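The structure appears right after this line, and notes come after that.
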Amino acid sequence: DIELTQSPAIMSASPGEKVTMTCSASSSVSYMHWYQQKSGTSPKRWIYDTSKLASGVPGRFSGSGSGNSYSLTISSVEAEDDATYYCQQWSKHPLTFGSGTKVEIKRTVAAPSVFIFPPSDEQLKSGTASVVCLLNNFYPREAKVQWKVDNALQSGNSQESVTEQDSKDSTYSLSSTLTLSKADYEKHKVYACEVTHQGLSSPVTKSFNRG
Amino acid sequence: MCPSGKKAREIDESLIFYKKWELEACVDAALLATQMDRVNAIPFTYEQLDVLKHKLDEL
Amino acid sequence: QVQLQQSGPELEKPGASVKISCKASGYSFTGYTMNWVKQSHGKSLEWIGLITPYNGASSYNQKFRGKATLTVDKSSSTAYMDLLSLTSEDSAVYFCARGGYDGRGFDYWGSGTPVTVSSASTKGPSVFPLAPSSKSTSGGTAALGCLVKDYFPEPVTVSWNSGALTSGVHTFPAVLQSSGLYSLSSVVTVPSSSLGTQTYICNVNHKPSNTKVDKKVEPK
């Protein structure tokens, strides 16, 4: 089977730049096609027959390549090009795909705005309590969160989740959820989460009192 | 011109990924006549089929 | 407009089989091959195989021979894929995609059918409010959301005010709890001055447990 090696695996690009991503095929390919897929959508045919624009694709995308080395070029990158691009060989049965080059957009540091949410009354009578810490619209992606209950550095109980990059402002948002028993929640009084990030010159803490 | 390495030696399913023009260039009619019985089991498109039918009329 | 409408999320026990479907409209069904693709959560794409609907001829990627069976019903312009003897390694999203004229890749794709293979049983989410305050007042911009806890399988849908409200929204990736259940939050930022007047509702759909839920989210 034809093996497709895409690189780089992750490309980060400042808007306005010209950038090219590659797809090496393990042996000779007659035509290559490319698809753009954005977190949570079906893939979309982007370039086909190696070098032709699929319907609706902006003119700044192009494709070329011969024999074993194929490439996809964005002649001027833009916020909305954040996606994963997969190559596909249309040459030897069975059809094979590369594992994708993911394009993330460079923008300027943007500190998270931070919000904390106490467990709702509805949920408490359930048996369990969930405190949520939201970090909204930041960049770049790396953030540290820490939970602290009456100043006891939590650990084991939390789980984070991060959105994919926004196609318009290029930011991320991240949540952290501390989960406890009705019992251990009813114990303490002060719940905070402490955030550090590239664009914060010191840690932001958002706390609250069962009150 | 058949692209280097691409000439059909059997009428089999790896032909489904030949473009119309590549069928025309790469599939000798004689071959195709002898393995005619294979074709209707290979998921060819109407466009690919038109080309194969043209081949057999060449003869 | 060409359209490939795939069937909903499935949940199946290891060893069962499931038949997923793809109904094509907006073109001549027999004019184009139909293809199936598998994508493992967080992974690459693999071609399963294709079929020409007119006569039903088909071709498979060897790796999927036996695992999958492709068929069509011309009279409803529907294509089908049977997945047999399921294991957890079949848990994935499966797409159908029409092959463009003369081999030009896959030019239209369906929305995808997520299939989950596990022993656990369907449970629907409980849906709690993430409510704003003066602990959610950032200079006249406030944050609020819904927490959608303890459910299975994926996926769940969320929208706000029934699609009315999109700007500002972040619906987070579901996270697999130790519970063995999923959970996720959806949030949205708004101006503070809008809270008195405006009222916000998250809409939760979970097709597997037939759960459809609207939580009014208010301060205090």
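Every number here is computed from the coordinates shown, using simple stated rules; none is lab data. Every residue, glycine among them, receives a Cβ derived from its backbone with ideal geometry; neighbour counts consider all protein chains shown.
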Sequence-separation-based contact order of the stretch A:119-193, relative, with Cα cut under 8 Å and 6+ spacing, percent: 42 percent
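Restricting to the stretch C:2-119, compute how many DSSP beta bridges are antiparallel as a %, nearest 5.
Working: 37 of 41 bridges.
About 90 percent, rounded to the nearest 5.
With a cut-off of at most 11 other beta carbons within 10 Å, and DSSP calling the residue loop, which trypsin sites (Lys or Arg not before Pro) in the stretch A:133-192 qualify? Please list them. Kindly include the intermediate steps, with their values, before the conclusion.
Working: sites: A:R141, A:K144, A:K148, A:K168, A:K182, A:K187, A:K189; in loops: A:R141, A:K168, A:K189.
Of the trypsin sites (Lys or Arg not before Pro), the ones in loops of the stretch A:133-192 whose Cβ has at most 11 other Cβ atoms within 10 Å are A:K168, A:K189.
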How compact and how long is the protein assembly as shown, expressed as Rg and Dmax of its alpha-carbon atoms in Å? 26.2, 91
Neighbour cut-off at most 10 other Cβ (10 Å), DSSP loop, trypsin sites (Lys or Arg not before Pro), chain B: B:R9
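Going highest first, how would you order A:22-31, A:53-62, C:23-32 by mean Cβ packing within 10 Å?
Values: A:22-31: 18.9, A:53-62: 13.8, C:23-32: 16.2.
Highest mean packing first, the order is A:22-31, C:23-32, A:53-62.
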For n ≥ 4 DSSP H runs only, could you compute -39500 (n - 2.57) per run for the protein assembly as shown, divide by its residues and tell me the 222 nm figure to the nearest 500? -2000 deg cm²/dmol
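Between rounded, prolate and oblate, where does chain B land on the alpha carbon gyration tensor, with a ≥ b ≥ c its root eigenvalues, rounded for a/c under 1.5, else prolate if a/b exceeds b/c? Numbers along the way, then the final one.
Details: a/c = 1.26, a/b = 1.15, b/c = 1.10.
In terms of gyration-tensor shape, rounded.
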Can you pull the one-decimal nm distance between simple spin-label points at C:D150 and A:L153, each 7 Å off the Cα toward Cβ? 3.1 nm
Could you grab the relative contact order for the stretch A:30-184? Cα pairs under 8 Å, six or more apart, rounded to a whole percent. 18 percent
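Given 0.36 nm per residue, what is the gain on full extension from C:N161 to C:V175 after removing their alpha carbon distance, in nm? Each step should come with its number before you reach the end.
Working: separation 14, 0.36 × 14 = 5.04 nm, distance 2.40 nm.
Here the segment from C:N161 to C:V175 would lengthen by 2.6 nm.
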Looking at the P(r) of chain C, how many percent of alpha-carbon pairs lie beyond 28 Å? 43 percent
Top positive-direction residue, dipole computed over chain A with Cβ charges, set A:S24, A:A152, A:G67: A:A152
Between A:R141 and A:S39, what length comes free when the chain is fully extended (0.36 nm per residue of separation minus the Cα-Cα distance, one decimal in nm)? 35.1 nm
Check: C-alpha center the stretch C:172-220 vs C-alpha center the stretch A:72-113, spacing in Å is 30 Å
Where the centroid of each part is defined by its Cα atoms, how far is chain B from the stretch C:65-142 in Å? 37 Å
Please list, by residue number, everything in the stretch B:45-59 whose backbone N is under 11 Å from a paramagnetic label point 7 Å out along Cα→Cβ of B:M36. B:56-57, B:59
Roughly how many debye, to the nearest 20, is the charge dipole of the stretch C:2-119 about its Cα centre, given +1 on each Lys and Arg Cβ, -1 on each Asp and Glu Cβ, and no other charges? 80 debye
Of A:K206/C:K215; A:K106/C:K63; C:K67/C:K212; A:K52/C:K19; A:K206/C:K43, which ones are farther than 28 Å apart at the Cα? A:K106/C:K63; C:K67/C:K212; A:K52/C:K19; A:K206/C:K43
Give me the number: length gained by fully extending C:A16 to C:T137, i.e. 0.36 nm times residue separation minus the C-alpha to C-alpha distance, one decimal in nm. 38.4 nm
For A:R210, residues with placed amide H under 5 Å, excluding near neighbours: A:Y191
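Dipole magnitude of the protein assembly as shown about its Cα centre, charges +1 at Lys/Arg Cβ and -1 at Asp/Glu Cβ only, in debye to the nearest 20?
Numbers: 47 positive and 44 negative charges, 195 e Å.
So the magnitude is around 940 debye.
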